[PDB]
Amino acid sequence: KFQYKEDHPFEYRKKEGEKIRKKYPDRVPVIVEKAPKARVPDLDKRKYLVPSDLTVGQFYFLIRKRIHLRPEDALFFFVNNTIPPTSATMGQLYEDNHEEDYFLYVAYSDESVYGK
């Protein structure tokens, strides 16, 4: 359901992920988009090059700042429809959840359950 996948077929996405992993080998590519039904602002950009040793919390902080929420606006992130463990790094999430186009897909929402 991500817009990046509605916009580009698999082979295009794979060739982009492959090319990015070869050009920036110490980064992992991550597509960040709103979850279905989410009532949250859009990000300016959806394609991120993430340092593999970022912790999940550090990633949350960086993405949250780009959404420009008020502090009182809650924010949740999902990988494969589940909130990731906080104790992970983004390289771990990528190792365990990247798709066959070489991208990790992260959804975000105001709600704590994906697709609510």
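Numbering starts at 1 and follows the sequence shown. C-alpha atoms forming the largest set that superposes within 1.5 Å between two forms make up the rigid core.
Positional deviation of Cα atoms in 8 other deposited structures of this protein after core superposition, greater for 26-34 or 85-93: So, of the two stretches, the farther one in 8 other deposited structures of this protein is 85-93.
Stretch farther from the shown model on average in 8 other deposited structures of this protein, with CA RMS computed after core superposition (69-77, 45-53): This comes out as 69-77, the stretch further from the shown form in 8 other deposited structures of this protein.
Selected stretch [higher average CA B-factor]: 74-82 or 55-63: Going by the record's values, the stretch with the higher mean is 74-82.
Entry-level comparison of average CA B-factors, 64-72 and 26-34, reporting the higher stretch: Result: 64-72.
Third of the chain's Cα B-factor distribution that residue 49 belongs to, per the entry: It falls in the middle third of the chain.
Chain thirds of CA B-factor: placement of residue 19: Highest third - that is where residue 19 ends up once the chain's C-alpha B-factors are sorted.
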